[PDB]
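Here the structure is laid out as structure tokens; the discussion comes afterwards.
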Amino acid sequence: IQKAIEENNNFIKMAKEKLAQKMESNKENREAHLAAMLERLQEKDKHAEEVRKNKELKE
Amino acid sequence: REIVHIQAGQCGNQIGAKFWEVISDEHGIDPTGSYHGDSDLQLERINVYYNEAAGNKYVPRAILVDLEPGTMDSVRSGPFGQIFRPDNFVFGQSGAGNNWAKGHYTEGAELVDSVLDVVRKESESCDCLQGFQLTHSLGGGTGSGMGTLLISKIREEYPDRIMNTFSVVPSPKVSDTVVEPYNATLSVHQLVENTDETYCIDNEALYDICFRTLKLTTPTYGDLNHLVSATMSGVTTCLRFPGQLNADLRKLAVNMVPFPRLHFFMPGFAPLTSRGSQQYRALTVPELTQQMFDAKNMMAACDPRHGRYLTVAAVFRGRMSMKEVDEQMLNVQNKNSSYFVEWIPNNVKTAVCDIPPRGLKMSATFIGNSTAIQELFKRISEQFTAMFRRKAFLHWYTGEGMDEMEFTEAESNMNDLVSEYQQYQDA
Ligand SMILES: c1cc(CNc2cc3c(cn2)[nH]c2ccccc23)cc(Oc2ccc3c(c2)OCO3)c1
Ligand SMILES: Nc1nc2c(ncn2[C@@H]2O[C@H](COP(=O)(O)OP(=O)(O)O)[C@@H](O)[C@H]2O)c(=O)[nH]1
Ligand SMILES: [Mg+2]
């Protein structure tokens, strides 16, 4: 009976742990995916600043 | 000399209730527990199985055990339900799932101490307890797993008391689930150690009997249990009725069991009769003797001619010539003495009781300790191995804490038992 308790507990335990790192790894990846997208759009902003800026350096 | 009776599980409680129904009638006890018989012979040993209560009412010394409530609810609303002491209904709720592990290790373990409290309470009210008897199957989970746990714990608390069982051995012809060989093999190991007499009821012999002899095309468990309760009444007749000589369970066991592990008996009954179908012609002593010795009348599906009898007991009931009985019994042995071991002299014994059972003027009950019973254990071992070599359906058991090793162990012990029988078949 002790072995059965230990085995129901380890299964509950490893399932809790396997799920928790999955949800963390998914949190990390999705954030590192949206941030990369934003940062391409912000490099986009500087570039457009350099285009408006270069044009003023033209008169 | 009181006996304490225990019935465990679906099968154990259904046959067990029939036993109390049948003998309660034989002793003139009505479903209320009130005596309404004619003779005093049917009350002289009534203490063996019934406790006497206030109001001159008789209460079976019976404990009813299950891990699910369905079958025991059906017992109380049943033909003789009211007679049982209500404190002796001991039951859980989760069931055993036809799983020996659940009955023996997890679900049964939770419940067993409560059962033993009732056993102890019934025992301490016994002037001289002479043993216990259990009814149960080996194919399910409660009667098989928890029944053998009870037997282990009873032997711990009462190590010198006789323990006998009626054990319904599973068979694929009449079968509920595929794991029955697993549960039976695990149970048999326990029975080999902790019982003095085990009457092996093979559920397919009961089937073949109901079909081929009583001409019942679709027999139910109820038809099967009519045959069993006829045998249960027969083999306990000489304890329940004053007669030729009275032996307590120990003395009976001493003279039937030459080797401690070979205590698995082949029961039989003559005449074989179906419910309702009225028998009008009484049998002659020669007819009873031929039939009770005939393979077709045996309830363990084993050919007695494939082995040798170590001991035999026969219980005739009704008015008949004990001289004619002696001559007919001596005629069977002297005509087939090659199926009896020559090294246990005078190993066939007989008793007669004047009280016949309900519906028959005359009957005979057969108790055979034959080495042919090994065929029953060979069948279980083959079915066990067919699944076990692939570890099939074991997850049901490993999930309750069991290791493969306990199965290997159970398999090896039963193969030892088979080989032990073979030693004495060739001696
Ligand atoms: C008590 C006694 C017996 C009979 N045992 C016996 C008889 C004789 C013998 C050796 N042993 N040698 C003999 C020579 C001549 C005549 C008779 C005998 C069997 C028994 O088993 C059960 C188990 C569960 C039950 C049950 C009965 O009824 C309901 O549930 C219990
Ligand atoms: N003779 C007979 N056998 C039964 C009955 N019910 C179940 N069985 C047998 O017992 C096995 C199942 O065990 P079960 O009774 O469920 O054990 P439990 O879990 O202790 O109730 C099967 O192999 C059946 O053949 C019955 O009413 N009569
Ligand atoms: Mg069942």
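Along the chain as shown, the residues are counted starting at 1.
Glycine too: its Cβ is placed from the backbone N, Cα and C atoms.
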One of B:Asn164, B:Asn203, B:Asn246, B:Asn255 listed by Swiss-Prot as binding GTP at the site of B:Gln10, B:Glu68, B:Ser137, B:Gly141, B:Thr142, B:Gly143, B:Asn225
B:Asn203
For the binding-site residues listed here (B:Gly141, B:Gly143), tell me which residue's CB has the most neighbouring CB atoms inside 10 Å.
B:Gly143
Any idea what DSSP makes of B:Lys57 (ubiquitin cross-link), helix, strand or coil?
strand
Inter-residue C-alpha distance, B:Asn225 (GTP binding site) and B:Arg317 (omega-N-methylarginine) (nearest angstrom)
20
Identify, among the recorded positions B:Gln10, B:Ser39, B:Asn203, the residue whose Cβ has the fewest other Cβ atoms within 10 Å in this structure.
B:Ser39
From B:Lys57, B:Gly143, B:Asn203, the recorded positions whose CA lies within 10 Å of that of B:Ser171 (phosphoserine):
B:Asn203
Filtering B:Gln10, B:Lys57, B:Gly143, B:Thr289, B:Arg317 (recorded positions) by proximity to ligand 3: which pass a Cβ cutoff of under 6 Å to any of its atoms?
B:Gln10
Counting only other Cβ atoms and using a 10 Å cut-off, which of the recorded positions B:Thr142, B:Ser171, B:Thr289 scores lowest?
B:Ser171
B:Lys57 (ubiquitin cross-link), number of other Cβ atoms within 10 Å
16
